[PDB]
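Step one of this worksheet: look at the structure below.
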Number of protein chains: 2
Amino acid sequence: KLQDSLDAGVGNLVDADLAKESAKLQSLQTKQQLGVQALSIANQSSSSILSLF
Amino acid sequence: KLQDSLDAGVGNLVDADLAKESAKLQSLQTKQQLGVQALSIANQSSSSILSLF
């Protein structure tokens, strides 16, 4: 009984909750795709100066 | 006779009715599968923002 309790306790200490990581993972994949499109949008700055000359 | 009565009484106090737990267990397994599908549906929110840019 004691060994079972100790194993359960250690798991209680250092186990994750995968349901939260799934949501966070989805949000982060969307956010990274968005940050890439945002960076690509920001990159094309200063490209308009050529038209001035 | 008295010892038999005392055992029966203690059982009356602290015994379960397994027929109710069976029904509750079935309902809870269905409800958990449903809550998982619901969570998975809710997770995919905010995934549409990418199409805007």
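Take every residue in peptide B:43-50, count the Cβ atoms of other chains within 10 Å of its Cβ, and give the average of those counts.
5
Under the Karplus relation 6.51 cos²θ - 1.76 cosθ + 1.60, θ = phi - 60°, what is the ordered set of whole-Hz ³J(HN,Hα) values for segment A:9-25, x standing for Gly and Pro?
In residue order, the calculated couplings are x, 4, x, 4, 5, 10, 9, 9, 10, 5, 4, 6, 5, 4, 4, 5, 5 Hz.
Let's see if you can work this out: charge +1 on each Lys and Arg Cβ, -1 on each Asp and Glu Cβ, no other charges. What is the dipole magnitude of chain A about its Cα centre, in debye to the nearest 20?
Rounded to the nearest 20 debye, it is 300 debye.
Note the full-extension length gain between residue A:44 and residue A:2 as 0.36 nm times their separation in residues minus their Cα-Cα distance, in nm to one decimal.
Roughly 8.7 nm would be gained on extension.
Taking a label point 7 Å out from Cα toward Cβ, give me the nm distances from residue B:14 to the same spot in the other copies, shortest first, one decimal.
3.6
If you average the C-alpha positions of chain B and of segment A:14-48 separately, how far apart do those two centres end up, in angstrom?
Each part's Cα centre sits 36 Å from the other's.
Please list 3J(HN,Hα) in residue order for segment A:45-53, calculated via the Karplus relation 6.51 cos²θ - 1.76 cosθ + 1.60 where θ = phi - 60°; whole Hz, with x for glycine and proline.
Result, ordered by residue: 5, 6, 6, 7, 4, 4, 5, 5, 8 Hz.
Closest to the B-onto-A rotation axis, which residue of chain B has its Cβ, and how many Å off the axis is it?
Result for the axis mapping B onto A: B:51, 12.
Could you put A:48, B:45 in order, starting from the residue whose Cβ has the fewest other Cβ atoms within 10 Å?
With the fewest neighbours first, A:48, B:45 line up as A:48, B:45.
Ranked by Cβ crowding within 10 angstrom, fewest neighbours first, how are A:53, B:53 ordered? Kindly include the intermediate steps, with their values, before the conclusion.
Values: A:53 4, B:53 10.
In order of increasing Cβ crowding within 10 Å: A:53, B:53.
Based on DSSP H runs of at least 4 residues, each adding -39500 (n - 2.57), what is the mean residue ellipticity at 222 nm of chain A after dividing by all its residues, to the nearest 500 deg cm²/dmol? Numbers along the way, then the final one.
Numbers: 3 runs with 43 residues, N = 53.
Calculated at 222 nm, the ellipticity per residue is -26500 deg cm²/dmol.
Which of A:53, B:33, A:34 sits farthest toward the positive end of the charge dipole of the protein assembly as shown, with +1 on the Cβ of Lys and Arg and -1 on the Cβ of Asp and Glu?
A:53
In this analysis, Cβ positions are derived from the backbone assuming ideal geometry, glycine residues included, and neighbour counts consider all displayed protein chains. Readers should treat all values here as calculations from the given coordinates under stated rules, not as data from a laboratory.
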